[PDB]
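Since the structure comes first, as structure tokens, the remarks are kept for the end.
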Amino acid sequence: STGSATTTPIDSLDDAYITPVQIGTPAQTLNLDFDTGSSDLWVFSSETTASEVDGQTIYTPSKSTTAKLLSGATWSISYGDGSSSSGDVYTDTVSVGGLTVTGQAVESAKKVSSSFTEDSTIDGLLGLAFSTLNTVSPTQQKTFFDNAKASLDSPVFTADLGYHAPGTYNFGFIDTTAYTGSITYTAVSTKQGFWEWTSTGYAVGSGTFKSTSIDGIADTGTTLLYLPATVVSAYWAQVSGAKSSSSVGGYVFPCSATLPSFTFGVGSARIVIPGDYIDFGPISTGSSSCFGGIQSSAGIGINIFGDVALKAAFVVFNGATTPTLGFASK
Ligand SMILES: NC1=N/C(=N\Nc2ccccc2)c2ccccc21
């Protein structure tokens with residue numbers, strides 16, 4: 001089998017992407033944030049504290065004839081931005097883009113933190129990291145991809161995120177029309193539960209490529225590109241007036257600037273992030289100071305190839321017995 005679904009930016013800055021997912025019988029369609037940096041499929045629901053729901057579409061398990069409460073199971077997660085959510089668990093039928101999994105753990109939120117409530121466009125998360133990170137207790141549950149994998153034509157999924165435009169998540173096949181050149185594959189470590197790999201270096205604009213190993217994670221659920229302070233300083237030094245602002249929480253730059261591109265290495269291959277991808281707009285409405293899309297990883301503790309980087313590529317998440325990651329230009 002295969003599946004194919006369109007993924008859409010939630011706003012004009014590509015702060016995150018949502019993909020429609022069918023849950024239950026009859027189907028209840030919720031727009032989920034597909035997240036290769038976590039491993040829980042959780043949803044706003046009829047169980048979510050009413051004051052914590054503000055415009056999201058909810059899953060109502062009592063209206064699904066295929067829903068079953070997973071007895072005794074609870075979940076609780078927190079994310080890199082300090083947000084969190086928790087609740088109980090059902091199993092139900094879940095379909096993405098025509099690919100169906102029966103008996104998928106659907107984690108129903110009883111509580112969500114303010115950042116989730118405040119974002120009416122995201123109805124929950126669909127985790128696509130390794131199932132060793134799943135938070136369900138006392139019996140850890142499998143991701144949608146792990147449950148689907150054996151049925152798929154090939155044990156892979158691909159992320160093709162758009163810049164200010166729709167894109168695609170495919171399951172079970174590689175669309176050879178969706179990228180240019182070849183796909184370069186690189187090794188993955190699953191020891192931290194992430195799609196963790198080592199970039200071979202970087203360049204800033206038309207500058208020379210610096211060969212240096214950068215270990216980090218391919219995380220579709222992180223918006224920005226988080227890299228070592230040395231690399232980030234070298235990038236922003238090429239932007240007149242850019243500075244690291246402790247009050248704002250990172251590098252900012254004049255909104256009037258034209259940003260240089262940023263290149264990262266995948267083996268001997270190179271992925272070029274155009275400068276415009278690195279502009280996250282005014283820090284506050286009407287300001288002429290703009291937030292940068294490349295930020296230091298010193299605070300978060302891991303380098304993160306988030307959407308800023310991934311949307312410049314066609315990315316293969318290869319779930320073969322030994323997982324690997326593939327990157328192509330597009
Ligand atoms: N996969 C995720 N990464 C998130 N934040 N990452 C981050 C990195 C550095 C600084 C701040 C946040 C996040 C937030 C909500 C749901 C999923 C995720």
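Going by the structure tokens order, chains are called A, B, ..., each with residues numbered from 1, while ligands are numbered from 1 in the order shown.
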
Return as a ChimeraX atom specification the full set of residues in stretch 34-190 of chain A whose backbone-based DSSP assignment is strand (DSSP E or B).
/A:34-35,41-43,45,59,68-78,84-96,99-112,124-127,137,156-160,167-171,184-187,189

Within 6 Å of ligand 1, counting only C-alpha atoms and all ligand atoms: which residues, as a PyMOL selection string?
chain A and resi 35+37-38+79-81+219+221-222+300

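Proximity to residue A:149 at 12 Å, evaluated using only C-alpha atoms and with sequence-adjacent residues fewer than 6 positions away removed, yields residues 1, 2, 3, 99, 100, 101, 128, 142, 143, 155, 156, 157, 171, 172, 173, 317, 318, 319, 320 and 321 of chain A.
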
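Distances to residue A:244 were evaluated for A:26, A:105, A:124, A:294 using only C-alpha atoms, and the minimum falls at A:294.
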
Which residues in stretch 79-299 of chain A does DSSP call helix (DSSP H, G or I)? List them as a VMD selection string.
chain A and resid 114 to 117 131 to 133 144 to 149 229 to 236 275 to 278

Output for the residues just chosen: N, CA, C and O atoms as a short mmCIF file (atom, residue, chain, number, x, y, z; two decimals), in the first residue's frame:
```
data_model
loop_
_atom_site.label_atom_id
_atom_site.label_comp_id
_atom_site.auth_asym_id
_atom_site.auth_seq_id
_atom_site.Cartn_x
_atom_site.Cartn_y
_atom_site.Cartn_z
N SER A 114 -1.01 26.45 26.88
CA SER A 114 -1.57 27.65 26.26
C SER A 114 -1.19 27.78 24.79
O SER A 114 -2.00 28.25 23.97
N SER A 115 0.04 27.42 24.42
CA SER A 115 0.43 27.59 23.02
C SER A 115 -0.42 26.75 22.09
O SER A 115 -0.69 27.17 20.96
N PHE A 116 -0.85 25.56 22.54
CA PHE A 116 -1.75 24.75 21.71
C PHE A 116 -3.12 25.39 21.64
O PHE A 116 -3.70 25.50 20.57
N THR A 117 -3.67 25.81 22.78
CA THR A 117 -4.98 26.45 22.77
C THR A 117 -4.99 27.65 21.83
O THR A 117 -5.97 27.87 21.10
N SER A 131 9.46 4.86 17.75
CA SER A 131 8.44 4.56 18.75
C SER A 131 8.99 4.45 20.17
O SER A 131 8.22 4.56 21.13
N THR A 132 10.31 4.31 20.33
CA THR A 132 10.93 4.33 21.65
C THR A 132 10.70 5.64 22.39
O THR A 132 10.82 5.66 23.62
N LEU A 133 10.33 6.72 21.70
CA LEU A 133 9.99 7.99 22.36
C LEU A 133 8.52 8.10 22.76
O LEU A 133 8.15 9.08 23.41
N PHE A 144 2.18 5.80 13.80
CA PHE A 144 1.46 5.48 12.58
C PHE A 144 2.36 4.83 11.55
O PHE A 144 1.95 3.84 10.92
N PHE A 145 3.56 5.36 11.36
CA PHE A 145 4.48 4.78 10.38
C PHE A 145 4.91 3.39 10.79
O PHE A 145 4.94 2.48 9.97
N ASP A 146 5.25 3.18 12.05
CA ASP A 146 5.63 1.83 12.44
C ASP A 146 4.48 0.86 12.22
O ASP A 146 4.68 -0.24 11.70
N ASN A 147 3.26 1.26 12.58
CA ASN A 147 2.14 0.34 12.35
C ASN A 147 1.91 0.08 10.87
O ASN A 147 1.50 -1.03 10.50
N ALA A 148 2.15 1.06 10.00
CA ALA A 148 1.88 0.90 8.58
C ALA A 148 2.99 0.17 7.85
O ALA A 148 2.74 -0.38 6.78
N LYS A 149 4.20 0.17 8.42
CA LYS A 149 5.42 -0.12 7.65
C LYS A 149 5.35 -1.43 6.90
O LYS A 149 5.73 -1.49 5.73
N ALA A 229 26.73 27.68 17.70
CA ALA A 229 26.91 29.13 17.76
C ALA A 229 27.94 29.65 16.78
O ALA A 229 27.79 30.76 16.25
N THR A 230 29.03 28.91 16.56
CA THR A 230 30.04 29.35 15.61
C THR A 230 29.48 29.49 14.21
O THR A 230 29.77 30.46 13.50
N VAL A 231 28.66 28.52 13.79
CA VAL A 231 28.08 28.51 12.44
C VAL A 231 27.08 29.64 12.30
O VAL A 231 27.06 30.35 11.29
N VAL A 232 26.24 29.82 13.31
CA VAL A 232 25.21 30.84 13.29
C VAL A 232 25.83 32.24 13.27
O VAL A 232 25.36 33.14 12.57
N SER A 233 26.91 32.44 14.04
CA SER A 233 27.60 33.72 14.04
C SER A 233 28.18 34.01 12.67
O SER A 233 28.09 35.13 12.17
N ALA A 234 28.74 32.99 12.02
CA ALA A 234 29.29 33.19 10.68
C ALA A 234 28.22 33.56 9.67
O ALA A 234 28.47 34.36 8.76
N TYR A 235 27.03 32.99 9.81
CA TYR A 235 25.94 33.36 8.92
C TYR A 235 25.51 34.81 9.13
O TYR A 235 25.50 35.62 8.18
N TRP A 236 25.16 35.18 10.37
CA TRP A 236 24.59 36.50 10.61
C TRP A 236 25.62 37.62 10.46
O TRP A 236 25.24 38.77 10.18
N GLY A 275 17.99 32.55 0.77
CA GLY A 275 17.92 33.54 1.83
C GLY A 275 16.50 33.87 2.28
O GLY A 275 16.27 34.06 3.48
N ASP A 276 15.54 33.94 1.35
CA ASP A 276 14.19 34.31 1.76
C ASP A 276 13.60 33.30 2.73
O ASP A 276 12.71 33.66 3.49
N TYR A 277 14.06 32.05 2.71
CA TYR A 277 13.54 31.04 3.62
C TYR A 277 13.89 31.36 5.07
O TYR A 277 13.31 30.75 5.99
N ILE A 278 14.88 32.22 5.28
CA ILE A 278 15.44 32.49 6.59
C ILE A 278 14.80 33.73 7.22
O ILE A 278 15.09 34.07 8.36
#
```

Name all residues at most 10 Å from residue A:305 (count only C-alpha atoms; drop same-chain ones fewer than 6 positions away) and give them as a list in words.
residues 196, 197, 199, 215, 216, 217, 218, 219, 220, 221, 222, 223, 224, 225, 226, 227, 264, 294 and 311 of chain A

Saved selection, atoms kept: N, CA and C atoms, as a PDB file, in the first residue's frame:
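The new file result09.pdb reads:
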```
ATOM      1  N   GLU A 196      18.483  11.119  13.562  1.00  0.00           N
ATOM      2  CA  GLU A 196      19.704  11.841  13.888  1.00  0.00           C
ATOM      3  C   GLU A 196      20.807  11.467  12.911  1.00  0.00           C
ATOM      4  N   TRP A 197      21.442  12.462  12.319  1.00  0.00           N
ATOM      5  CA  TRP A 197      22.409  12.264  11.244  1.00  0.00           C
ATOM      6  C   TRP A 197      23.524  13.296  11.386  1.00  0.00           C
ATOM      7  N   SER A 199      25.600  16.132   9.258  1.00  0.00           N
ATOM      8  CA  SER A 199      25.911  16.955   8.111  1.00  0.00           C
ATOM      9  C   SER A 199      27.420  17.095   7.962  1.00  0.00           C
ATOM     10  N   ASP A 215      26.281  17.114  13.934  1.00  0.00           N
ATOM     11  CA  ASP A 215      25.311  16.090  14.304  1.00  0.00           C
ATOM     12  C   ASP A 215      23.995  16.756  14.691  1.00  0.00           C
ATOM     13  N   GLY A 216      22.891  16.343  14.070  1.00  0.00           N
ATOM     14  CA  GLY A 216      21.623  16.956  14.401  1.00  0.00           C
ATOM     15  C   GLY A 216      20.484  16.078  13.949  1.00  0.00           C
ATOM     16  N   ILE A 217      19.265  16.566  14.149  1.00  0.00           N
ATOM     17  CA  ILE A 217      18.057  15.778  13.901  1.00  0.00           C
ATOM     18  C   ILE A 217      17.229  16.398  12.790  1.00  0.00           C
ATOM     19  N   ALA A 218      16.614  15.557  11.965  1.00  0.00           N
ATOM     20  CA  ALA A 218      15.654  16.001  10.960  1.00  0.00           C
ATOM     21  C   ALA A 218      14.284  16.056  11.617  1.00  0.00           C
ATOM     22  N   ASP A 219      13.801  17.279  11.906  1.00  0.00           N
ATOM     23  CA  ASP A 219      12.614  17.495  12.739  1.00  0.00           C
ATOM     24  C   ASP A 219      11.589  18.386  12.056  1.00  0.00           C
ATOM     25  N   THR A 220      10.594  17.771  11.412  1.00  0.00           N
ATOM     26  CA  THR A 220       9.566  18.556  10.731  1.00  0.00           C
ATOM     27  C   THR A 220       8.695  19.349  11.692  1.00  0.00           C
ATOM     28  N   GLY A 221       8.718  19.015  12.966  1.00  0.00           N
ATOM     29  CA  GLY A 221       7.933  19.754  13.941  1.00  0.00           C
ATOM     30  C   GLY A 221       8.637  20.918  14.606  1.00  0.00           C
ATOM     31  N   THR A 222       9.895  21.169  14.282  1.00  0.00           N
ATOM     32  CA  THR A 222      10.587  22.402  14.672  1.00  0.00           C
ATOM     33  C   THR A 222      10.603  23.348  13.472  1.00  0.00           C
ATOM     34  N   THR A 223      10.255  24.619  13.702  1.00  0.00           N
ATOM     35  CA  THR A 223      10.129  25.550  12.578  1.00  0.00           C
ATOM     36  C   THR A 223      11.476  25.955  11.992  1.00  0.00           C
ATOM     37  N   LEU A 224      12.444  26.245  12.853  1.00  0.00           N
ATOM     38  CA  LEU A 224      13.673  26.896  12.430  1.00  0.00           C
ATOM     39  C   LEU A 224      14.836  25.911  12.338  1.00  0.00           C
ATOM     40  N   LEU A 225      15.976  26.441  11.933  1.00  0.00           N
ATOM     41  CA  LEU A 225      17.246  25.717  11.817  1.00  0.00           C
ATOM     42  C   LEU A 225      18.145  26.121  12.971  1.00  0.00           C
ATOM     43  N   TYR A 226      18.444  25.191  13.860  1.00  0.00           N
ATOM     44  CA  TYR A 226      19.242  25.415  15.048  1.00  0.00           C
ATOM     45  C   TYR A 226      20.601  24.742  14.904  1.00  0.00           C
ATOM     46  N   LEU A 227      21.672  25.530  14.925  1.00  0.00           N
ATOM     47  CA  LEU A 227      23.014  25.068  14.615  1.00  0.00           C
ATOM     48  C   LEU A 227      24.010  25.609  15.627  1.00  0.00           C
ATOM     49  N   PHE A 264      23.918  23.439   3.393  1.00  0.00           N
ATOM     50  CA  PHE A 264      24.384  22.380   4.272  1.00  0.00           C
ATOM     51  C   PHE A 264      24.773  21.140   3.462  1.00  0.00           C
ATOM     52  N   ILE A 294      17.673  31.065  11.243  1.00  0.00           N
ATOM     53  CA  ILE A 294      18.825  30.290  11.681  1.00  0.00           C
ATOM     54  C   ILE A 294      19.191  30.810  13.062  1.00  0.00           C
ATOM     55  N   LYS A 311      12.516  22.157   4.173  1.00  0.00           N
ATOM     56  CA  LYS A 311      11.696  22.584   3.052  1.00  0.00           C
ATOM     57  C   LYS A 311      12.506  22.949   1.820  1.00  0.00           C
TER      58      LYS A 311
END
```

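Considering the residues A:160, A:52, A:33, A:107 and counting only C-alpha atoms, residue A:70 has its shortest atom-to-atom contact with A:107.
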
Between A:57, A:168, A:51, A:28, which residue has the minimum interatomic distance to residue A:9, considering only C-alpha atoms?
A:168

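Here atom CA of residue A:252 stands at a distance of 23.3 Å from atom CA of residue A:214.
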
Given only C-alpha atoms as the basis, pick out the residue of A:34, A:202, A:251, A:194 nearest to residue A:16.
A:34

Any idea what's packed within 10 Å of residue A:162, counting only C-alpha atoms, ignoring anything in its chain fewer than 3 positions away? Could you give it as a ChimeraX atom specification?
/A:7-9,14,17,159,165-168,307,310-314

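For the choices A:10, A:290, A:77, A:53, the atom-to-atom distance to residue A:164 is smallest for A:10 when using only C-alpha atoms.
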
Residues near residue A:73, cut-off 12 Å, only C-alpha atoms, skip fewer than 4 positions along chain, as an MDAnalysis selection string:
chainID A and resid 68:69 86:91 105:108 135:141
